[PDB]
Amino acid sequence: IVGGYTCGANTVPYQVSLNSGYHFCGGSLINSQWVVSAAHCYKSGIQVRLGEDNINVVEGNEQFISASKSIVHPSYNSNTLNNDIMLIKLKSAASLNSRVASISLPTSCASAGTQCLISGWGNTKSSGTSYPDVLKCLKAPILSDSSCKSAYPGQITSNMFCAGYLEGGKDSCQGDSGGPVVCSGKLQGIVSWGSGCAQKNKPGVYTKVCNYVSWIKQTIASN
Ligand SMILES: [Ca+2]
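(A) Layout of the domain arrangement of the protein chain. Once the domains are mapped, the protein chain shows domain 1 (1-12 + 103-210) and domain 2 (13-102 + 211-222). For domain 1 versus domain 2, the separation of C-alpha centres amounts to 17 Å. On the side of domain 2, 40 residues touch domain 1, which itself brings 38 residues to the contact. Across the interface of domain 1 and domain 2, roughly 2,900 Å² is buried in total on both sides, 55% from carbon and sulfur atoms. By the criterion of area lost to domain 2, the three top residues of domain 1 are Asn 10, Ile 103 and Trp 121, representing 26% of everything that side buries. Remark: the boundary between domain 1 and domain 2 carries 0 salt bridges.

(B) Here's a closer look at the coordination of the calcium ion. Only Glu 52 (OE), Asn 54 (O), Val 57 (O) and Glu 62 (OE) from the protein coordinate the calcium ion, and they sit 2.2 to 2.3 Å from it. When the donor residues of the calcium ion are listed from N- to C-terminus, their spacing reads E-x1-N-x2-V-x4-E. For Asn 54, a relative accessible area of 14% translates into the label buried.

(C) Representation of empty space enclosed by the protein. Tallying each qualifying case throughout the model produces 1 cavity of 30 Å³ or more. Put simply, the largest cavity is a space of about 40 Å³. In terms of residue class, the lining of the largest cavity is made up of 3 nonpolar, 4 polar and 2 charged.

(D) Expanded view of the sheet that holds strand β11 (residues 180-183). If you trace the 7 strands from one edge of the open sheet to the other, you get β1-β9-β8-β11-β12-β13-β10, paired in antiparallel fashion. Single-partner strands in this sheet number two, and they are β1 (5-6) and β10 (160-163).

(E) Molecular detail of the nonpolar core. By size, the foremost hydrophobic cluster in this structure holds 43 residues, and its most contacted members are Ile 30, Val 48 and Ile 216. For this core, the secondary-structure elements that each account for two or more residues are β2 (15-19), β3 (23-31), β4 (34-37), β5 (47-50), β6 (63-72), β7 (86-90), β12 (186-193) and α2 (213-220). The residue makeup of this core includes at least three contributed by each of domain 1 (1-12 + 103-210) and domain 2 (13-102 + 211-222). In this structure, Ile 216 is in contact with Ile 30, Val 36, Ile 85, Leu 87 and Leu 105, ignoring residues within four places of it in sequence.

(F) Representation of the side chain of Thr 207. Relative to the helices and strands, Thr 207 is located in strand β13 (residues 204-208). Non-local contacts of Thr 207, meaning those with residues more than four positions away in its chain, are made with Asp 84, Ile 85, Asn 159, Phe 161, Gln 188, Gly 189, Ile 190, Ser 192 and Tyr 212.

(G) How the structure looks around the layout of surface pockets. The calculated volume of the largest pocket comes to roughly 190 Å³. What lines the largest pocket is a set of 18 residues, among which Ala 110, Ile 142, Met 160, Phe 161 and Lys 208 lie closest to the centre. Looking at the lining of the largest pocket, the elements with two or more residues in it are α1 (145-151) and β10. Of the residues contributing to the lining of the largest pocket, the split by class is 10 nonpolar, 5 polar and 3 charged. Taken as a whole, the second largest pocket encloses approximately 160 Å³ of empty space. Taken together, 14 residues make up the lining of the second largest pocket; nearest its centre are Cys 173, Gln 174, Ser 192, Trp 193 and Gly 194. No other element matches β12, which puts 3 residues into the lining of the second largest pocket. Looking at the lining of the second largest pocket residue by residue, the classes come out as 4 nonpolar, 9 polar and 1 charged.

The rules behind these values
Residue labels reflect position in each chain's written sequence, counted from 1, rather than necessarily the entry's numbering. Residues lacking coordinates are not shown. Only hydrogens and water are removed before side-chain values are computed, so all heavy atoms of the structure are retained for them. In this document the domain limits rely on a domain assignment from an automatic tool or a database. Contacts are assigned to residue pairs that have any heavy atoms within 4.5 Å of one another. Using a 1.4 Å probe, buried area is obtained as the accessible area two parts lose upon being combined, added over both of them. The salt bridge definition used is simple: a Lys or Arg side-chain nitrogen within 4 Å of an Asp or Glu carboxyl oxygen. As a rule, N, O and S atoms within 2.8 Å of a metal are its donors, except that Na, K and Ca use 3.2 Å; water is not among the atoms, so sites may look incomplete. A 1.4 Å probe rolled over the protein chains alone gives each residue an accessible area, and that area as a share of the maximum for its type sets the label: buried under 20%, exposed over 50%, partly exposed in between. Both site types are read off a 1 Å grid over the protein atoms alone. A 1.4 Å probe that fits but cannot get out defines a cavity, while an open set with protein on both sides within 12 Å along at least five of seven lines defines a pocket; lining residues have an atom within 4 Å of a point. Grid points are joined across faces, edges and corners, and a volume is the space filled by probe spheres set on the points. For this classification, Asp, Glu, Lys and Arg are treated as charged, while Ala, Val, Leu, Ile, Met, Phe, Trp, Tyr, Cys and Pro are nonpolar and the rest, including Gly, are polar. Strands were regarded as paired on the criterion that DSSP finds at least two bridges between them. Helical segments are the DSSP runs of H or I of at least four residues, strand segments are the runs of E of at least two, and each set is numbered from the N terminus. Nonpolar cores are built from buried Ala, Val, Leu, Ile, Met, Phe, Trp, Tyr and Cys residues. Side-chain atoms within 4.5 Å join them into one set.

This is how it looks when you write it as structure tokens:
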């Protein structure tokens, strides 16, 4: 997250870190057994880390649970990032508590102009590199479909939305991929892509979770 703030330990209790020896993407806990992330975050050998604040210090509230299954969307296209969504099943259910909690899936899609909370352990620099240890947060508004399409001509599908600030300075970034975009208390987006981070006229692009709720529900009813 570039231009964000330190969230505060465990104040985003549905945020997970995906670890394959190191943190490599975020995700969102949607119930005690299942995490939503980005398909472009797929790796074999994923451990889900819940209850994290500092990802480099064991502070006492974590749960580390291996994935048993990952399910990339059946129509994911890694070239365009259309349908950039994945489900990860935990080997054992998380113990839900004040610091480890699920986020609701949406009933309706979010509205342009809505301010959403984006979070993660990704790079904090637009130019260069610096990865935080503690979880960072950003409030960013959803942009209109037409502004998003103007920013990325020929690249935005109906399964994507843009959020952020066209003047630059505030965005998600590498390492935030797969993490949540929460709007009015619902998981509306997944950190997916963008050209650089926090650059002028290049806002973040997010997977539009409300298009996937029937897939998510049928998949979790069957696995
Ligand atoms: Ca930790």
